[PDB]
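Q: Handing over my_file_7.pdb, PDB, C-alpha atoms.
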ATOM      1  CA  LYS S  11     117.958  73.250 108.040  1.00  0.00           C
ATOM      2  CA  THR S  12     115.825  70.048 108.357  1.00  0.00           C
ATOM      3  CA  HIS S  13     112.926  71.984 106.694  1.00  0.00           C
ATOM      4  CA  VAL S  14     112.818  74.516 103.799  1.00  0.00           C
ATOM      5  CA  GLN S  15     109.927  76.888 102.905  1.00  0.00           C
ATOM      6  CA  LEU S  16     109.093  76.513  99.172  1.00  0.00           C
ATOM      7  CA  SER S  17     106.369  77.964  96.894  1.00  0.00           C
ATOM      8  CA  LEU S  18     105.731  75.273  94.211  1.00  0.00           C
ATOM      9  CA  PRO S  19     104.278  76.340  90.828  1.00  0.00           C
ATOM     10  CA  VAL S  20     101.086  74.304  90.216  1.00  0.00           C
ATOM     11  CA  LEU S  21     101.078  73.079  86.560  1.00  0.00           C
ATOM     12  CA  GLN S  22      98.173  71.711  84.451  1.00  0.00           C
ATOM     13  CA  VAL S  23      99.050  68.051  83.524  1.00  0.00           C
ATOM     14  CA  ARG S  24      98.633  68.757  79.724  1.00  0.00           C
ATOM     15  CA  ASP S  25     101.242  71.645  79.900  1.00  0.00           C
ATOM     16  CA  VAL S  26     103.930  69.479  81.522  1.00  0.00           C
ATOM     17  CA  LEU S  27     106.884  68.917  79.144  1.00  0.00           C
ATOM     18  CA  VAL S  28     108.963  66.533  81.342  1.00  0.00           C
ATOM     19  CA  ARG S  29     106.498  64.099  82.913  1.00  0.00           C
ATOM     20  CA  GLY S  30     108.818  62.482  85.497  1.00  0.00           C
ATOM     21  CA  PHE S  31     112.188  62.580  87.261  1.00  0.00           C
ATOM     22  CA  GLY S  32     113.675  59.281  85.983  1.00  0.00           C
ATOM     23  CA  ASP S  33     113.538  55.513  85.909  1.00  0.00           C
ATOM     24  CA  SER S  34     113.961  54.162  89.523  1.00  0.00           C
ATOM     25  CA  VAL S  35     112.339  55.013  92.913  1.00  0.00           C
ATOM     26  CA  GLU S  36     115.789  56.060  94.200  1.00  0.00           C
ATOM     27  CA  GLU S  37     116.494  58.269  91.102  1.00  0.00           C
ATOM     28  CA  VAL S  38     113.073  60.022  91.112  1.00  0.00           C
ATOM     29  CA  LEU S  39     113.369  60.794  94.892  1.00  0.00           C
ATOM     30  CA  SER S  40     116.986  62.051  94.305  1.00  0.00           C
ATOM     31  CA  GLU S  41     116.036  64.199  91.263  1.00  0.00           C
ATOM     32  CA  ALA S  42     112.857  65.557  92.993  1.00  0.00           C
ATOM     33  CA  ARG S  43     114.984  66.633  96.029  1.00  0.00           C
ATOM     34  CA  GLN S  44     117.596  68.273  93.719  1.00  0.00           C
ATOM     35  CA  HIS S  45     114.834  70.202  91.747  1.00  0.00           C
ATOM     36  CA  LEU S  46     113.085  71.257  95.008  1.00  0.00           C
ATOM     37  CA  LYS S  47     116.450  72.688  96.258  1.00  0.00           C
ATOM     38  CA  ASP S  48     117.167  74.365  92.806  1.00  0.00           C
ATOM     39  CA  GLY S  49     113.619  75.884  92.545  1.00  0.00           C
ATOM     40  CA  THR S  50     113.015  73.866  89.312  1.00  0.00           C
ATOM     41  CA  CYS S  51     110.178  71.624  90.661  1.00  0.00           C
ATOM     42  CA  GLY S  52     106.467  71.896  89.768  1.00  0.00           C
ATOM     43  CA  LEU S  53     103.388  70.290  91.357  1.00  0.00           C
ATOM     44  CA  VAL S  54     100.465  68.656  89.500  1.00  0.00           C
ATOM     45  CA  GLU S  55      97.284  68.249  91.602  1.00  0.00           C
ATOM     46  CA  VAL S  56      96.046  64.637  91.345  1.00  0.00           C
ATOM     47  CA  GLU S  57      92.549  64.066  89.889  1.00  0.00           C
ATOM     48  CA  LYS S  58      90.881  61.323  87.782  1.00  0.00           C
ATOM     49  CA  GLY S  59      93.102  60.738  84.709  1.00  0.00           C
ATOM     50  CA  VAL S  60      96.167  62.799  85.799  1.00  0.00           C
ATOM     51  CA  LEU S  61      98.554  59.990  86.908  1.00  0.00           C
ATOM     52  CA  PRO S  62      98.234  57.898  83.682  1.00  0.00           C
ATOM     53  CA  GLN S  63      99.385  61.096  81.792  1.00  0.00           C
ATOM     54  CA  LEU S  64     102.614  61.147  83.917  1.00  0.00           C
ATOM     55  CA  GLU S  65     105.655  58.809  83.966  1.00  0.00           C
ATOM     56  CA  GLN S  66     106.352  56.274  86.756  1.00  0.00           C
ATOM     57  CA  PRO S  67     108.004  56.139  89.118  1.00  0.00           C
ATOM     58  CA  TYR S  68     105.851  59.003  90.618  1.00  0.00           C
ATOM     59  CA  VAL S  69     107.022  61.360  93.394  1.00  0.00           C
ATOM     60  CA  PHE S  70     104.195  62.599  95.686  1.00  0.00           C
ATOM     61  CA  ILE S  71     104.255  65.355  98.302  1.00  0.00           C
ATOM     62  CA  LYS S  72     102.147  64.172 101.269  1.00  0.00           C
ATOM     63  CA  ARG S  73     101.055  66.169 104.368  1.00  0.00           C
ATOM     64  CA  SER S  74     103.401  65.152 107.261  1.00  0.00           C
ATOM     65  CA  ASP S  75     101.575  67.218 110.005  1.00  0.00           C
ATOM     66  CA  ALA S  76      98.262  69.112 110.847  1.00  0.00           C
ATOM     67  CA  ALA S  79     101.252  74.801 108.778  1.00  0.00           C
ATOM     68  CA  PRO S  80     103.993  77.329 109.720  1.00  0.00           C
ATOM     69  CA  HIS S  81     103.592  80.794 108.042  1.00  0.00           C
ATOM     70  CA  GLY S  82     100.938  79.229 105.654  1.00  0.00           C
ATOM     71  CA  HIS S  83     103.425  76.458 104.572  1.00  0.00           C
ATOM     72  CA  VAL S  84     101.942  72.903 104.868  1.00  0.00           C
ATOM     73  CA  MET S  85     104.563  70.422 106.131  1.00  0.00           C
ATOM     74  CA  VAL S  86     105.095  67.705 103.501  1.00  0.00           C
ATOM     75  CA  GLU S  87     107.435  64.804 102.791  1.00  0.00           C
ATOM     76  CA  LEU S  88     108.258  62.807  99.602  1.00  0.00           C
ATOM     77  CA  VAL S  89     106.785  59.330  98.849  1.00  0.00           C
ATOM     78  CA  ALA S  90     107.594  57.545  95.513  1.00  0.00           C
ATOM     79  CA  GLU S  91     105.337  54.983  93.768  1.00  0.00           C
ATOM     80  CA  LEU S  92     106.139  52.299  91.124  1.00  0.00           C
ATOM     81  CA  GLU S  93     103.643  49.596  89.951  1.00  0.00           C
ATOM     82  CA  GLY S  94     101.351  50.281  92.960  1.00  0.00           C
ATOM     83  CA  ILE S  95     104.107  50.122  95.638  1.00  0.00           C
ATOM     84  CA  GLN S  96     104.981  53.262  97.697  1.00  0.00           C
ATOM     85  CA  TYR S  97     108.380  53.968  99.296  1.00  0.00           C
ATOM     86  CA  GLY S  98     107.549  55.970 102.378  1.00  0.00           C
ATOM     87  CA  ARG S  99     104.464  56.464 104.487  1.00  0.00           C
ATOM     88  CA  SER S 100     102.832  59.899 105.095  1.00  0.00           C
ATOM     89  CA  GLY S 101      99.457  61.756 105.039  1.00  0.00           C
ATOM     90  CA  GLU S 102      97.194  63.025 102.221  1.00  0.00           C
ATOM     91  CA  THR S 103      98.661  63.716  98.718  1.00  0.00           C
ATOM     92  CA  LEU S 104      99.012  67.459  97.901  1.00  0.00           C
ATOM     93  CA  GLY S 105     100.096  66.417  94.357  1.00  0.00           C
ATOM     94  CA  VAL S 106     102.724  64.793  92.110  1.00  0.00           C
ATOM     95  CA  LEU S 107     106.083  66.502  91.547  1.00  0.00           C
ATOM     96  CA  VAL S 108     107.523  67.067  88.053  1.00  0.00           C
ATOM     97  CA  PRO S 109     110.429  69.043  86.629  1.00  0.00           C
ATOM     98  CA  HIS S 110     109.530  72.694  85.920  1.00  0.00           C
ATOM     99  CA  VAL S 111     111.082  73.923  82.640  1.00  0.00           C
ATOM    100  CA  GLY S 112     109.110  77.225  82.191  1.00  0.00           C
ATOM    101  CA  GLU S 113     105.439  76.098  82.022  1.00  0.00           C
ATOM    102  CA  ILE S 114     103.030  78.878  83.224  1.00  0.00           C
ATOM    103  CA  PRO S 115     101.499  77.868  86.562  1.00  0.00           C
ATOM    104  CA  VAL S 116      97.778  78.187  87.518  1.00  0.00           C
ATOM    105  CA  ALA S 117      98.705  78.699  91.226  1.00  0.00           C
ATOM    106  CA  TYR S 118     101.406  78.305  93.914  1.00  0.00           C
ATOM    107  CA  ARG S 119     101.373  75.742  96.772  1.00  0.00           C
ATOM    108  CA  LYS S 120     103.321  76.967  99.862  1.00  0.00           C
ATOM    109  CA  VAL S 121     104.958  73.917 101.544  1.00  0.00           C
ATOM    110  CA  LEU S 122     107.520  73.244 104.302  1.00  0.00           C
ATOM    111  CA  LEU S 123     109.692  70.377 102.923  1.00  0.00           C
ATOM    112  CA  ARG S 124     111.349  67.915 105.343  1.00  0.00           C
ATOM    113  CA  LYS S 125     114.827  67.846 103.636  1.00  0.00           C
TER     114      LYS S 125
END
What do you get writing this file as structure tokens?
A:
Amino acid sequence: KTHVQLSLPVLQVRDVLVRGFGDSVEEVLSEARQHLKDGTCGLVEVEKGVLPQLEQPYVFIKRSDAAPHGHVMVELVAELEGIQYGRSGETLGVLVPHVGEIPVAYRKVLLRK
């Protein structure tokens, strides 16, 4: 399938134990996609002071369309030193590995895979 329905656990930034997916734009996009497939991916909602608490490169989920079965269509965009790899709509949040942190909420998304 080109798209996969996922429910992403929303994590508080200060709970997150692994604050990024790796060390290159290509690696973080690769790792984020693997974790999304394996159900081991969390979402941190971006506010003032969140991103500097996470590791670059960042992986964002961004709205790709204006929401089948409640699931917002999203795609992945990475960022490193203020340059983004991809082009898409509004940020729903930043992806991080999920290693058992307790979520505050779930974000239903339809991921272009």
Q: So the first atom is CA of residue 111 (chain S) and the second is CA of residue 88 (chain S); what is the distance between them in Å, to one decimal place?
A: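 Those two atoms sit 20.5 Å apart.
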Q: Return as JSON, numbers by chain the set of residues that the PyMOL selection byres ((chain S and resi 50) around 7) yields on the displayed structure.
A: {"S": [45, 46, 48, 49, 51, 52, 109, 110, 111]}
Q: For the selection just defined, write its residues with C-alpha atoms to a file, as a PDB file, in the coordinates of the input.
A:
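Final output, saved to selection05.pdb:
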ATOM      1  CA  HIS S  45     114.834  70.202  91.747  1.00  0.00           C
ATOM      2  CA  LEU S  46     113.085  71.257  95.008  1.00  0.00           C
ATOM      3  CA  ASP S  48     117.167  74.365  92.806  1.00  0.00           C
ATOM      4  CA  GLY S  49     113.619  75.884  92.545  1.00  0.00           C
ATOM      5  CA  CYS S  51     110.178  71.624  90.661  1.00  0.00           C
ATOM      6  CA  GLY S  52     106.467  71.896  89.768  1.00  0.00           C
ATOM      7  CA  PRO S 109     110.429  69.043  86.629  1.00  0.00           C
ATOM      8  CA  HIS S 110     109.530  72.694  85.920  1.00  0.00           C
ATOM      9  CA  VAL S 111     111.082  73.923  82.640  1.00  0.00           C
TER      10      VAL S 111
END
Q: Which residue gives the smallest distance to residue 86 (chain S) among S:100, S:63, S:44, S:17, with all atoms listed in the file counted?
A: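 Closest residue, counting all atoms listed in the file: S:100.
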Q: Can you tell me how far CA of residue 34 (chain S) sits from CA of residue 89 (chain S), in Å to one decimal?
A: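 Computing the Euclidean distance for CA of residue 34 (chain S) and CA of residue 89 (chain S) yields 12.9 Å.
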Q: Just checking: using only C-alpha atoms, which residue out of S:79, S:95, S:42, S:114 ends up closest to residue 24 (chain S)?
A: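 Looking only at the distances to residue 24 (chain S), the closest residue turns out to be S:114.
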Q: Kindly indicate which residue among S:57, S:25, S:113, S:102 lies nearest to residue 73 (chain S), using all atoms listed in the file for the distances.
A: S:102
